[PDB]
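Each value in this text was obtained by applying a stated rule to the coordinates, not by laboratory testing. Cβ placement follows ideal geometry from the backbone for every residue including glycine, while neighbour counts extend to all protein chains displayed.
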Amino acid sequence: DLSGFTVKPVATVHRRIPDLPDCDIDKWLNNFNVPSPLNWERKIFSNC
Amino acid sequence: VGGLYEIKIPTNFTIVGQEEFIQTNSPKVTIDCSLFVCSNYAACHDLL
Ligand SMILES: *[C@@H]1O[C@H](CO)[C@@H](O)[C@H](O)[C@H]1NC(C)=O
């Protein structure tokens with residue numbers, strides 16, 4: 001009984017939601033009004 | 001009672017059937033240890 005094979009994939013399926021906006025993460029990180037550790041700020045990035 | 005004992009002797013009879021299954025075999029299980037432990041993954045086959 002030889003070692004098990006698996007059928008090779010004949011194609012690739014790639015799916016992503018199209019036309020989503022850019023997240024602009026650099027614009028928020030480069031904002032010059034920087035908070036201290038006491039009042040550390042959060043931003044949430046989704047659908048981008 | 002004197003020399004004699006009381007015994008129940010059959011006066012009529014029938015034949016009865018009884019089934020008995022005896023196991024003599026079992027499912028021949030076989031394992032590919034490599035396919036079970038690692039599936040398709042080359043990084044696992046290397047470590048295995
Ligand atoms: C023996 O038993 C069977 C079933 O009960 C019956 O048909 C038959 O007549 C009986 N015979 C005697 C001699 O008792």
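Here are some notes:
- Neighbours by Cβ (under 8 Å, 6+ apart or cross-chain): first from the range B:14-39, in contact (Cβ under 8 Å) with a residue 12 or more places away in the chain and within 14 Å of chain A (Cβ to nearest Cβ); second part of a loop (DSSP other than H, G, I, E, B) and exposed (fewer than 10 other Cβ atoms within 10 Å of the Cβ): B:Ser34/A:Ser3
- Selection status of B:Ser39, farther than 23 Å from A:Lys8 by Cβ and either of a type in the set (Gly, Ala, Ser) or within 16 Å of the ligand (Cβ to nearest atom) (or both): no
- Selected residue [in a loop (DSSP other than H, G, I, E, B), away from every other protein chain (no Cβ under 14 Å), under 30 Å from B:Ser34 (Cβ atoms) and more than 16 Å from the chain's Cα centre (by Cα)] from A:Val7, A:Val34, A:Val13: A:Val13
- Residues of the range B:7-32 satisfying the condition of being of a type in the set (A, V, I, L, M, F, W, C) and within 16 Å of the ligand (Cβ to nearest atom): B:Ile9, B:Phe13, B:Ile15, B:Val16
- Criterion: surrounded by 10 or more Cβ atoms within 10 Å (Cβ to Cβ) and part of a loop (DSSP other than H, G, I, E, B) - qualifying residue of A:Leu20, A:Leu2: A:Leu20
- Checked against (1) surrounded by fewer than 10 Cβ atoms within 10 Å (Cβ to Cβ); (2) within 14 Å of another protein chain (Cβ to nearest Cβ); (3) within 38 Å of the chain's Cα centre (by Cα), B:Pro10 passes all but condition (2).
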